[PDB]
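Notes follow once the structure below has been shown.
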Amino acid sequence: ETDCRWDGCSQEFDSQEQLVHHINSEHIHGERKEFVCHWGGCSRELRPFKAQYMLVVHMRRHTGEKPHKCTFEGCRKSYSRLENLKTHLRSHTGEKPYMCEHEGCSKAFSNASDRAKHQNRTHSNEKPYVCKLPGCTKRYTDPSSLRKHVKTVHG
DNA sequence: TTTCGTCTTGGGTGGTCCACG
DNA sequence: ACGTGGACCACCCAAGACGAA
Ligand SMILES: [Co+2]
Ligand SMILES: [Co+2]
Ligand SMILES: [Co+2]
Ligand SMILES: [Co+2]
Ligand SMILES: [Co+2]
């Protein structure tokens with residue numbers, strides 16, 4: 001939010017455009033000696049990336065930049081991951097390209113991942129969002145059901 | 001080369017919604 | 001006679017891998 005925080009760099013700024021410009025040119029762009037974020041609190045410190053285009057997407061965490069805009073006139077939602085914008089898209093249509101494929105369900109998602117939750121969870125059997133308050137033994141399929149409990153109940 | 005493509009896997013929030021205790 | 005608990009979903013989004021452009 002308007003100011004590099006790359007280790008040592010001190011450019012404050014005016015527009016996302018510029019900052020998210022400076023990074024790719026200043027820090028991520030050039031060099032032939034390995035790409036790693038060096039941003040303040042980076043949850044990976046220096047867990048280098050494989051390719052360097054991968055770092056580049058990562059910053060969008062740090063930067064805030066969701067550059068894949070939606071097209072459907074009127075709507076103005078970006079994302080910062082292509083995959084995402086793709087799905088955000090279908091919703092404008094109803095496109096559920098992604099059927100629960102396996103064992104014999106026939107239900108489908110606008111996207112792959114939600115198809116994989118449902119997919120594993122809804123045909124679960126186990127419930128691994130077990131609450132961890134002693135004298136409960138309360139477990140659910142999804143973090144949401146859990147979460148609601150450990151706080152409607154405990155907490 | 002590197003980057004994409006698209007999938008897999010995985011860490012979240014807000015909620016409907018209704019059935020059964 | 002019935003309230004809520006919790007299964008299931010919608011959106012959120014990071015990142016591997018591995019091959020294709
Ligand atoms: Co900088
Ligand atoms: Co970082
Ligand atoms: Co849109
Ligand atoms: Co299914
Ligand atoms: Co509990």
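All chains are named by letter (A, B, ...) in the order of the sequence lines, taking the proteins before the strands, and each is independently numbered beginning at 1.
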Can you figure out which of B:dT13, B:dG11, C:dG6 approaches the side chain of A:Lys117 most closely?
-> B:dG11

Distance-only donor-acceptor test (3.5 Å): side chain A:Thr141, base C:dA7 = no

Check: A:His22/A:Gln11 side-chain N/O donor and acceptor closer than 3.5 Å | no

Atom pair distance, as rounded to whole Å: NE2 in A:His29 and P in B:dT2 | 9 Å

Residues, nucleotides or ligands: over 12 heavy atoms within 6.0 Å of A:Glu103 CD | yes

Atom-pair distance (CG on A:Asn111; P on B:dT9), nearest Å | 15 Å

Nearest-nucleotide check on DNA chain C, A:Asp142 vs A:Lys138; residue mapping nearer the 5' end is A:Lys138

When all nucleic acid strands are considered with a 4.0 Å heavy-atom cut-off, which category describes A:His88: base, sugar-phosphate, or nothing?
-> nothing

Can you check side-chain contact (heavy atoms from CB on, under 4.5 Å) on A:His38 and A:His27, steps first, answer last?
-> CA-CA 9 Å; A:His38 280 20; A:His27 328 324; over 6 Å; no

Candidates C:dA15, B:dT8, C:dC12 - which lies nearest the side chain of A:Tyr79 = C:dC12

Answer with base, sugar-phosphate or nothing: what part of the nucleic acid does A:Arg47 contact at a heavy-atom distance below 4.0 Å?
-> nothing

A:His92 atom NE2: more than 12 heavy-atom contacts under 6.0 Å | yes

Pucker family that the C1'-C2'-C3'-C4' torsion assigns to B:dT16 = north

d(CD, A:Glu83; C1', B:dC4) in whole Å | 12 Å

Is it the case that A:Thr87 and A:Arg90 place a side-chain donor and acceptor less than 3.5 Å from each other?
-> no

For A:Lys127, which contact category applies under a 4.0 Å heavy-atom criterion: base, sugar-phosphate, or nothing?
-> sugar-phosphate

Would you indicate which nucleotide in B:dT3, C:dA15, B:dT13 comes nearest to any side-chain atom of A:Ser144?
-> B:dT13

Which listed nucleotide (B:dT3, C:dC13, B:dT13) is nearest to the side chain of A:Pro143?
-> B:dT13

North or south: which describes the sugar of B:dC4, going by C1'-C2'-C3'-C4'?
-> north

Nucleotide nearest A:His118 (side chain, heavy atoms from C-beta), chosen from C:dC8, B:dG10, C:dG5 = C:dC8

Base, sugar-phosphate, or nothing: which does A:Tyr129 touch, judged by heavy atoms less than 4.0 Å apart?
-> nothing

Which whole number of Å gives the distance between the P atom of B:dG10 and that of C:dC11?
-> 24 Å

Atom CG of A:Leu85 and atom P of C:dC12 are separated, to the nearest Å, by 11 Å

CG of A:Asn120 versus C1' of C:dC9: gap in Å, rounded?
-> 15 Å

Rounded off to whole Å, could you give me the CG-to-P distance for the A:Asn84 and B:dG5 pair?
-> 15 Å

So which nucleotide from C:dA14, B:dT8, C:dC8 ends up closest to the side chain of A:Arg115?
-> B:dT8

Can you tell which of B:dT6, C:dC8, B:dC4 lies closest to the side chain of A:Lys86?
-> B:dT6

Given the P atoms of B:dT8 and C:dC13, what is the spacing between them in whole Å?
-> 22 Å

Spacing between A:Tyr53 atom OH and C:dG19 atom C1', to the nearest angstrom | 11 Å

Would you say A:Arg147 reaches B:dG12's phosphate, i.e. side-chain N/O to OP1/OP2 under 4.0 Å?
-> no

Per A:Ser113 side chain, nearest of listed nucleotides B:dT9, C:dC11, C:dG6 = B:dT9

Distance, rounded to the nearest Å, where A:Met59 contributes CE and C:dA15 contributes P | 10 Å

N/O donor-acceptor pair under 3.5 Å between A:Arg5 side chain and A:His62 backbone = yes

A:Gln18 atom CD, over 12 foreign heavy atoms within 6.0 Å | yes

From the options B:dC7, B:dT3, C:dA14, select the nucleotide whose nearest atom is closest to the side chain of A:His58.
-> C:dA14

Pseudorotation half of B:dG11 (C1'-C2'-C3'-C4': positive north, negative south) = north

Judged by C1'-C2'-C3'-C4' (positive north, negative south), is the sugar of B:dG10 north or south?
-> south

A:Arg81 vs C:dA15: side-chain N/O to OP1/OP2 distance below 4.0 Å | yes

Report yes if a side-chain nitrogen or oxygen of A:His62 is closer than 4.0 Å to either non-bridging phosphate oxygen (OP1 or OP2) of C:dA14; otherwise report no.
-> no

